[PDB]
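Below is one structure, written out as structure tokens, with a few remarks after it.
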């Protein structure tokens, strides 16, 4: 979302309902209007979350959707002399283009979107509402928004880049894992496209070739964010039907720690030096 | 002398002799020293939010009149600002304003416009030299139908609700030629001051239309190449209502600009833009943090519809006439403020009413000043009021939240003599922030010097206030980040009699010691050794004849006080902090600032490590310690010895998203008492045996 009005913002979420290999980034800003206040940010966030809740990941079991994220904030584009407002989705878009856009389909370790100089804002300035209160920041975090903070007097950084998954699962808490899963869903389609409609196959060859395809395509591509494993077979319902086979992927991921403590104790110089 | 650089023709141009011009000084990249103070003050211009500043640029960010002790902006913190600038501390400025400050200065331009028959004058030749009965000849034609103008420059009036009409002026009935109603005032442009101060009331502007004969000769080739008449624009500023103006040059060191009416006046031969507002705003301003300068004028506004209508009217009238081009695009060539083309041929059928007729003469010598504005009510009383307004409302201020560690790197606050009501809102800084340090004073600079009993009473009250913000709310450790300094005197670095407290002297000492931009304490300025332990910027201190009981009581109550070194000078027998317990680790005051810096280093470690997908527990733990030790080692000049330890305790295992750090540090104290005794010996039994 590059800044569509709120009427158009509410027709985008249906992509992650109509397709199983799609990933959406939403913006809480309308570039044709004034920079929003904290209350308007919260209201638009709630409205977008309500819209998104209508497209569960699994309709059979009602898994909450997790492919995408919502980013709040706005500023001015730095790569031009003119005055041209933009939302922070532009900065995240540039980061992702550099990270996961290589023509050879393997993630670049040198552009990790949350390590080094990629975790700071780079193409936006004069961001707004940077004096959020603790309660406002806590509310946004609990509503699963992605927001920036001040790094130093000159710049900003992302304390944590999470997706709009609403549950307590720690597997689906990073936004990049959603893109990885979308790619897995694409690989499964490729396997089917290759194996469909062949006269002389046997069931064992079909089952073996599906797993071979998915594993060969996926292994070595995700820069160690995921670990996955496919399994193809022919269940009893497939035996009954006679023209279908099943595949099922098992995958796992991690999360990230975000809180630190601080304490001190005063010693005399001698007992601290030796004792 | 007069003609300007038009092109590449071989030539040497002489710009005459001139007197020296002030040159704006370039600044350097900002850093974090160990001493990072916040200073609130009244100013002439500049932003009204906290700003991290390198002292080289204070003069040209906040105007050079704010540091003048004899000016109107002097308050009880100007000495602090001057000392900071002298020592070279990158510090955080906060410009306050009085609660009754007026709005900005404004000036609108308009033309009184009418049509009527007028006279016509003789002509010597096609040059159309003759005018106004020059020579000996009466005007020739009986009556020539034409147009009458009368220019007006005046303040832009506000709405009845109290809102300016900066962009919302409208035409009205005129006054010249009232025999015909259509005499109308129509607006042409608006100008507004950028800041809220007397600088706007003293700012002035000039606009004129030159010809080939001017002191700044124009060129017809450029106007032919891009069809638009070029006007000269100039900005001036004066010191006070009685002084004389001085030209405010552009960032390229020029006295005036050439501008023109139209959409985009781009020159193909050189790619230069002659648009009015764009050119003015781009040439007179410079926002680069290292070379920073803002023009007193804001961005001009222009009434395109009305200017276009008047140009169209005059073109339709006289463009198809004897001595003016009739083409369509000549509309923007039409000379409006003058009455002639670039070559200097007068427009007959146009009459501009002069001064005696109630008009304004737009020439290079006329000057026009913005109307309105002001600074407000200045002085120590209003300064204290504003400071209290800011300090009391810290948890719900809509201007800025100062619990933001990353955005507001200040770590010290010195009491320069605020009144007792404002004094009691300062201690909460070391309650709201864990990397802050405060110095307090027992003297209200606007009152008479306190006596011994008043000193004691104020000290007790401040201690009681400080007792409400313990360092560790969990275990109730008493606060130790700061100190209280008692005494007052007079400032020595000026002829005027200007009382100041001794917090100023200790402020200068700390600035010199812990103010290096590379973040390392300077051993040659140790605040308690050599010549830095004497009073240097205060004289005629009071209550120097304290009795032994009074001195003992003050020491027990944890004040910092001075004594007589010799017949001429004073010194500090011991500079302790307001820690109220018996521990000898936290007895010195500089150690408190060292500990504040340690707390800052912890925040930096967190900021760098937070929120990473692919880290492990061991790497997180190791990197935290690496950061803290690498940052802090070798900077505290042997005042402290510290050691960090990160880990993931059982509570962290439960939570799954947190890790812990703990720093162990140790320090020393000082001796203050000596005994004395003697024994008498005979010369022999003393010399041998």
Q) How far is it, in nm, from the label point at residue A:14 to the one at residue A:261 when both lie 7 Å from their Cα along the line to the Cβ? A) 5.1 nm
Q. Once you treat every alpha carbon in the stretch B:433-484 as an equal point and sum by Debye, what is log10 I(q)/I(0) at q = 0.16, 0.28 Å⁻¹?
A. -0.56, -1.12
(Q) Using a 7 Å offset from Cα along Cα-Cβ at residue B:581, what residues in the stretch B:469-505 end up with backbone N under 14 Å from the label point? (A) B:470-481
Q) How big is D, in µm² s⁻¹, for the stretch B:223-345 by Stokes-Einstein at 25 °C and 0.890 mPa s if Rh is the Kirkwood radius over C-alpha pairs? A) 148 µm²/s
(Q) Distance between the C-alpha centers of the stretch B:56-78 and the stretch B:11-44? Whole Å please. (A) 14 Å
(Q) With just the Cα atoms defining each centre, how far is the stretch B:561-580 from the stretch B:238-274? Give it in Å. (A) 58 Å
**Q.** Computed E for residue B:490/residue B:304 - FRET, C-beta separation, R0 51 angstrom, nearest 0.05
**A.** 0.25
(Q) I need the Debye-formula profile for the stretch B:65-109: one equal scatterer per C-alpha, no solvent, reported as log10 I(q)/I(0) at q = 0.18, 0.24, 0.25, 0.32 1/Å, two decimals. (A) -0.70, -0.97, -1.01, -1.23
Q: Using per-residue counts of other Cβ atoms within 10 Å, averaged over each peptide, order A:42-53, A:25-36 from highest down.
A: A:25-36, A:42-53
Q. Semi-axes of the stretch B:70-138's equivalent ellipsoid from the Cα gyration tensor, sqrt of 5 times each eigenvalue, largest first, rounded to whole Å?
A. 63, 20, 12
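Would you work out the relative contact order for the stretch A:149-275, in percent, from Cα pairs under 8 angstrom that are 6 or more residues apart?
For the stretch A:149-275, the relative contact order is 21 percent.
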Q: Would you work out the relative contact order for chain B, in percent, from Cα pairs under 8 angstrom that are 6 or more residues apart?
A: 13 percent
Q.
One quarter of the convex hull surface, Cα atoms only: what value does that give for the stretch A:181-252 in nm²?
A. 5.0 nm²
**Q.** Long-range tail of P(r) for the stretch A:1-109 (Cα pairs > 21 Å, %)
**A.** 45 percent
Q: Send over the semi-axes of the stretch A:48-169's equivalent ellipsoid, whole angstrom and largest first, taken as the square roots of 5 times the C-alpha gyration tensor eigenvalues.
A: 26, 21, 14
Q) What's the long-distance tail for the stretch B:602-670, i.e. % of Cα pairs beyond 20 Å? A) 35 percent
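Evaluate 2.2 N^0.38 Å with N set to the residue count of the stretch A:125-214, then give the Cα radius of gyration divided by it. Don't jump to the answer; show the numbers that get you there.
Working: Rg = 22.2 Å, N = 90, 2.2 N^0.38 = 12.2 Å.
After normalising by residue count via 2.2 N^0.38 Å, the value is 1.82.
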Q) Which whole number in µm²/s is D for the stretch B:388-435 by Stokes-Einstein, with the Kirkwood Rh taken over Cα pairs at 25 °C and 0.890 mPa s? A) 210 µm²/s
Q: Quick one: plug the Kirkwood hydrodynamic radius of the stretch B:266-329 (C-alpha pairs) into Stokes-Einstein at 37 °C, 0.692 mPa s, and report D in µm²/s.
A: 217 µm²/s
Q: Taking the convex hull of the Cα atoms, report for the stretch B:242-291 its projected area averaged over all directions, in nm².
A: 5.5 nm²
Q | Where the Cα pairs of the stretch B:534-674 fall when distances are cut into 5 Å bins, in % | A | 2, 8, 14, 14, 12, 11, 10, 8, 6, 6, 4, 3, 2, 0
Q.
I need two numbers for the stretch A:1-62: Rg to one decimal and Dmax as a whole number, Cα atoms only, in Å.
A. 12.8, 42
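May I ask you to compute the full-extension gain from residue B:100 to residue B:115, defined as 0.36 nm times their residue separation minus their alpha-carbon distance, rounded to one decimal in nm? Write out the running numbers ahead of the final one.
Values: separation 15, 0.36 × 15 = 5.40 nm, distance 4.66 nm.
Once the chain is fully extended between residue B:100 and residue B:115, it gains 0.7 nm.
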**Q.** For the stretch A:144-275, alpha-carbon Rg and Dmax in angstrom
**A.** 24.7, 86
Q | Whole-number percent relative contact order across the stretch B:252-333, with pairs defined as alpha carbons under 8 Å at least 6 apart | A | 18 percent
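Round to the nearest 0.05 the FRET efficiency obtained for residue B:246 and residue B:132 when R0 = 45 Å and r is the Cβ-Cβ distance.
After rounding to 0.05, the efficiency reads 0.85.
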Q) Any idea how far apart residue B:681 and residue A:39 come out in nm if each label point goes 7 Å out from Cα toward Cβ? A) 9.0 nm
Q.
Angle check, please: helix B:590-609 long axis (alpha carbons) against the longest principal axis of chain B (alpha carbons), in degrees 0 to 90, nearest 10.
A. 60 degrees
Q) Among rounded, prolate and oblate, which fits the protein assembly as shown when a ≥ b ≥ c are the square roots of the eigenvalues of its C-alpha gyration tensor, a/c under 1.5 means rounded, and a/b larger than b/c means prolate? A) oblate
Q.
Residue by residue through B:403-416, how many Cβ atoms from other chains fall within 10 Å of the Cβ on average?
A. 2
Q) Which FRET efficiency value, to the nearest 0.05, is calculated for residue B:124 and residue B:285 with the Förster distance at 51 angstrom and r the Cβ-Cβ distance? A) 0.60
Q: Could I have the simple spin-label model distance between residue A:152 and residue B:26, label points 7 Å from Cα toward Cβ, reported in nm to one decimal?
A: 2.0 nm
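Tell me the volume per residue, in Å³, of the convex hull enclosing the alpha carbons of chain A.
Output value, Cα hull per residue: 215 Å³.
The numbers here are math on the coordinates, done by the rules we state, and not lab data. Every residue, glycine as well, gets a Cβ built from its backbone with ideal geometry; the counts of neighbours run over all protein chains shown.
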